[PDB]
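Below sits a lone chain in structure tokens, taken as the form deposited in one PDB entry.
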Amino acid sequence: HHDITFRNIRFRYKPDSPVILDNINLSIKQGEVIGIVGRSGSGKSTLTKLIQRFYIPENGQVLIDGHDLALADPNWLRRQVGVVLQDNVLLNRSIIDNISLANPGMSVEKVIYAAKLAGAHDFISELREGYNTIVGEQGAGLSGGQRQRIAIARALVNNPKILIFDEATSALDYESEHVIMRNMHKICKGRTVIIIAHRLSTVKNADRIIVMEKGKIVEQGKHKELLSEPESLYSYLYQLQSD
């Protein structure tokens, strides 16, 4: 049973504009953890935008659970997917308000549980003002890696069946990165997960890696299989990022 299916997807952003996704066919099993890699501008984030029906393909179908998103209730869709956003923790509002920024009146218990999964609860709990701390530089002045764990907590708070990690746009501090990687199996448990990976190493242990180039899936498989394919783009990108 595939939680996410693309059939012959063709997409461009505007009537005259270039084709960004070209005959995308992909079927992701429930619970699979998938890494998506490739050069800048290869269409990685575009693929994830279509999962959320932020844009509509000119050809082909996106299905979640066998449900064509053309027909699906948009409120149902918003509830199926949690996205770990970059640069979206609002400095002028509380930690709890940043985590619950979808159903304001939702329980402190649900917030704390998401924060526990995300590896944020412990540091929030040692702040003078706790969850009521104003995130920003005058309030508690959290680090980028602390804000990122808050961003994970937000994505998780409504228990999404699909979790998408947007591509990292900043390097995280050691302790945050360590806590997140130590907690990934807990974060991902029971969910279908898509990680758009800036650094290939991030997704080495994903179930499958999808390699995009110029709007096409050119390669796909486990890390070791992709390295075994002669002259693979994956091997080339790995080589480029190597010490």
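Numbers for residues come from their place in the sequence shown, where the first is 1. Heads up, when I say rigid core I mean the largest set of C-alphas that superpose within 1.5 Å between the two forms.
The next section is about a form of this same protein that is not shown, the form deposited in another entry.
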property	result
Core-aligned C-alpha movement of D87 between this form and the one not shown, 2 Å or more	yes
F54 C-alpha shift between this form and the one not shown of 2 Å or more, rigid core reference	no
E175 C-alpha relocation of at least 2 Å between this form and the one not shown, rigid core basis	yes
Inter-Cα distance between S170 and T46 in the other form, nearer or further [3 Å or more]	closer
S176 and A120, C-alpha gap in the other form relative to this structure (3 Å or more)	farther
